[PDB]
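Worksheet for the structure shown next.
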Amino acid sequence: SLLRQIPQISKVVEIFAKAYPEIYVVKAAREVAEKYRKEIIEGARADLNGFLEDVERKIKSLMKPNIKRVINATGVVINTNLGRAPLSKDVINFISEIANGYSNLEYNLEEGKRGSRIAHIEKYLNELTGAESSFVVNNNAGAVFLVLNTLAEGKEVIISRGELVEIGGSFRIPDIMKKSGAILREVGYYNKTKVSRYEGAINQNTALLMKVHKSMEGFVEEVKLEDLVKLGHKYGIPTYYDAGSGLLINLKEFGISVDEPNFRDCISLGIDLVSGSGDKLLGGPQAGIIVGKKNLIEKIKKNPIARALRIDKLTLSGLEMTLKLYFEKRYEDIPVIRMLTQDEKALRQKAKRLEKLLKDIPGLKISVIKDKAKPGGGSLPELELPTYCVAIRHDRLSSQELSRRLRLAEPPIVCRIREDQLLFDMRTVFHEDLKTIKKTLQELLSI
Amino acid sequence: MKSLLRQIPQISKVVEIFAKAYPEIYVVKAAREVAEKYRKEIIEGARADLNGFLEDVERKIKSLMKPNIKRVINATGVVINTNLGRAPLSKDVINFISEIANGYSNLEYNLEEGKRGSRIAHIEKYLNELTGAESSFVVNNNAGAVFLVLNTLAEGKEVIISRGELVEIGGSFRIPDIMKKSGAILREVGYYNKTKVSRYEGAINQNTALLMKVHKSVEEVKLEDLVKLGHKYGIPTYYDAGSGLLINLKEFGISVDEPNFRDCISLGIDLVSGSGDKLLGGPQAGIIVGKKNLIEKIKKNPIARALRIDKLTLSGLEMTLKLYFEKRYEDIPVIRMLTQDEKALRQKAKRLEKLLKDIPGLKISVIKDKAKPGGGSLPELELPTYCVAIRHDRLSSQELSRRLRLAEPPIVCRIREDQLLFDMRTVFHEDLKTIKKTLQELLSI
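As given, the protein sequences belong to chains B and A, one line each in that order.
Going letter by letter, the first sequence gives residues 3 to 217, 221 to 452 in the deposited numbering.
Going letter by letter, the second sequence gives residues 1 to 217, 225 to 452 in the deposited numbering.
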């Protein structure tokens, strides 16, 4: 007699007339009905009062989109979980304009006939990298696959074994390379690699000489790209470097001195092909960018799989604007550049601005700390930049529970934990959000 | 020739000629681009003259400073127009995408668990809901879908298929090229027009991984017979329907034969795939729905990562899928444009013809015409529309539309017996002012 007591859908329809829409009601009822069937199936529940209540909560949740914006307090500029680079509204205004109606995407308005959509971008990339040609695909994972599968299907690619390991590519890249159609001839060891070891692997099947970007142990011997180019010329073998960061120009120009491959220097070094991610250090939309020797790029363009990796209108549109800014050197308009160029002093400032807003909250130990951080994500761990974070602690509540409620808030707030203290990194935080932090913080703690 | 080549001015001189005129950088880019073109044309001896030069360099600048991708006014009446970008997006969608695009988000993060999550999670549940399939996945495009399904289920194994599905001019042999490149071993059956069920079974052996059918624009076999057989021997069936059509069409008062996901899954096909941005009026997408163990397999193939969808198309996919659920079809540009009533079309044609009567030398007529608005994708589709025909005494339409496409904004329209035809179907009323404006702009000068 207990399970039959679960009310008919039609009856819950009655309950919510103009209360909510019928269709969203029925979706909520069914979902709960299934759950509440199952609770009593395992005999876990003796109660049918919560039927009505939780239905409503579904309805309450079914009517807000699954994707939602979020407040990043992690200080990781490139946050893979939080969607990597965000976009200036300039870019987003361009994208929206094109997206809203028909366009010249695959049309050539001069000739009055069809055209490639990479025409729109190509010349920018060429300009900035100094590469003979360029092509853009869905993402850099696609790029790699496309480069190998195009140049070396059935033929060998020589690469060091150290570039088959990764926790940040989660072996997704190696696994693609292994699935690319090419025969990888691995050389050297994890830490051990000499140029000769490469040359020693050169043969009648050799198609390509490949280097990938590395991300720790005591020592690692590795080879200067110059030796690879040298080698590749010597034996008539194209050289490919997956940079992956997508870093367009040298960093030194923004006041950051690090060792990082940028397209322009890699091409000027003599690599035949370089490929990178559009949405990491380029701060653009998701893309795989490839630049280099024309004959190569040309071959790749003609691989049919390249139709399976063809970028959508939006990412293209967005990527043109992104590129137009880079040419006009408007780096302040490129979110990821803006945040990384943020000054040490201006960061202390923002942390203190918040700290003042939180003394009026009970049970709270607010502290402000200077920390060296890695805002590149697990992608670019070589990148160390100082930041001021806002550390907090609550007596009654653990950070593990505190943050659990922060992320469960509207809006949600995401921040790193250190030793049962909630750190807010100011690097990733728009001044806008600060009020909404205090607001949402005290609201939770208020009940 | 080298005296004539030496006449080429150095870049620093061209920088002098445009001072505050234009930004230094855009002058130099335009000077380099042009200097190369001029060197080469002297080298092939095509040019004896340097006079057209500076004016040309300026034209570059004026063009280098504007985006290459620009909005275009579509009067072709082709709703799915592969040159004009296919399905446009409603502003409801665009605003969502734009909101997310602007800052950080819960894309790959599960806010509940406080750990990383698959971005498909967001969209999966609407997809299953609408189609009725056990699970669903989404990749870059339908091309990418096809490849992935094959490379996943049939790498090194045999896919059965009719030879008839190796010969397309509208897929430009691009599709069978992908399938060939997929890593699967296709086993073709029957002939171009010749296909019997037994011929499909006789091709089943210990290496058969999959039976597959693709959507045909002749004597073939119904799918019913294919699932029946697939089931018999334990062989998944996969149907690339490709239009990306979400539900039966009959609900919009259009009665055609066209595969939709929901009906194809109800028919028991094990997997069905389709283009997000064709009849679904969504963003570019490869949509895969069907049996769980299959989509599970597929999700786990490492190539799927290279085929992964970006943020914007994902977030635009959610908004679109939301509207579909709420049957807010009027907010899906493709559906809206295709459901547009005969009467409501004539009205728009008149509103424009009113606006153009004040312009001289213009023969303005309004006509009803039946058209093929599905694009070369869906040719079986004939629908009535009202167009605005025009003519100008001194100007041929070949020249007139040439001048239209070259306008800002550009305007693209189909020609009929030296009449420029503006099909209302693909025109947004916001354009009407800019049509009039740019029309007289050409003719007055």
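Virtual Cβ for every residue (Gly too), placed ideally from N, Cα, C.
- A distance below 6 Å between beta-carbons, with the five flanking residues on each side excluded, links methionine 431 of chain B to the following residues of its chain, in chain order: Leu352, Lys355, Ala356 and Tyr393.
- Close partners of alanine 143 of chain A in chain B (Cβ separation under 7 Å): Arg312 and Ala313.
- In the DSSP assignment, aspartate 430 of chain A falls outside any alpha helix (DSSP H) and lies within the beta strand (DSSP E) extending over 427–430.
- DSSP lists A/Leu211 as the beta-bridge partner residues of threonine 244 of chain A.
- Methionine 221 of chain B sits exposed, since fewer than 16 C-beta atoms from the chains shown fall within 10 Å of its C-beta.
- Beyond the five residues adjoining it in sequence on each side, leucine 286 of chain A comes within less than 7 Å, by CB distance, of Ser250, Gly251, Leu252 and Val341 in the same chain, given in chain order.
- When the alpha-carbon of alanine 75 of chain B is set against those of B/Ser408, B/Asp317 and B/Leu230, the nearest one is in B/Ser408.
- Residue contact with chain A for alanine 101 of chain B: present (Cβ-Cβ distance below 8 Å to some residue of chain A).
- Between the region 286–297 of chain B and the region 307–320 of chain A there are three or more inter-stretch CB-CB distances shorter than 8 Å, so the stretches are counted as touching.
- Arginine 423 of chain A has a beta carbon lying at 8 Å or more from every beta carbon in chain B.
- In this structure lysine 70 of chain B touches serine 105 of chain A by the C-beta definition: roughly 7 Å separates them, less than 8 Å.
- The beta-carbon of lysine 329 of chain B is placed less than 8 Å from the nearest beta-carbon of chain A.
- Taking C-alpha positions only, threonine 327 of chain B is separated from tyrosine 38 of chain B by approximately 50 Å.
- Close to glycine 114 of chain A, with beta-carbon spacing below 8 Å, are these residues of chain B in chain order: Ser408, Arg409 and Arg412.
- Put simply, the backbone Cα of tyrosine 26 of chain A is about 16 Å away from that of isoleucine 123 of chain B.
- The Cβ atoms of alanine 133 of chain A and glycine 297 of chain A lie closer than 8 Å to each other.
- Collapsing the DSSP output to three states places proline 23 of chain A in coil.
- For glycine 381 of chain B, there is no enclosing alpha helix (DSSP H), as DSSP marks it with neither H nor E.
- About 5 Å separates the CB atoms of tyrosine 246 of chain A and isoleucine 276 of chain A; that is less than 8 Å, so the two are in contact.
- Taking a cut-off of 8 Å on C-beta distances, the region 333–348 of chain A does not touch the region 300–309 of chain A, as fewer than three cross pairs fall below it.
- By the Cβ neighbour-count rule, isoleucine 169 of chain B is exposed, with fewer than 16 other Cβ atoms within 10 Å of its own.
- For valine 434 of chain B, the closest alpha carbon among the candidates B/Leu427, B/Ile418, B/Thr152 and B/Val28 is that of B/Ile418.
- For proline 380 of chain A, none of the residues of chain B pass the 8 Å Cβ criterion, the least Cβ distance being about 13 Å.
- C-alpha of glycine 223 of chain B to C-alpha of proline 386 of chain B: approximately 16 Å in a straight line.
- According to DSSP, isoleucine 374 of chain B shares a beta bridge with B/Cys394.
- Interface with chain B (8 Å Cβ-Cβ cutoff): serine 98 of chain A is included.
- In the three-state reduction of the DSSP assignment, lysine 180 of chain B falls in the coil class.
- Contact of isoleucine 185 of chain B with chain A by beta-carbon distance below 9 Å is absent, the smallest such distance being about 14 Å.
- Counting the other Cβ atoms within 10 Å of the Cβ of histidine 215 of chain B gives 16 or more, which makes it buried.
- Under the Cβ criterion of 8 Å, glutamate 415 of chain A is not counted among the residues facing chain B.
- As summarised for the region 79–118 of chain A, the continuous alpha helix (DSSP H) elements at least 4 residues long and confined to that stretch are 91–102, given in chain order.
- Per DSSP, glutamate 188 of chain A is one residue of the beta strand (DSSP E) stretching across 185–189.
- The region 86–93 of chain A makes no contact with the region 49–65 of chain B; the number of CB pairs closer than 8 Å stays below 3.
- Chain order gives the chain B residues near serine 322 of chain A as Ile69, where near means a beta carbon separation below 8 Å.
- By the neighbour-count criterion, in which a residue is buried when 16 or more other Cβ atoms sit within 10 angstroms of its Cβ, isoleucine 161 of chain B is buried.
- Taking C-beta separations shorter than 6 Å and ignoring five residues to either side along the sequence, the partners of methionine 212 of chain B in its chain run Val159, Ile161 and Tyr245, following chain order.
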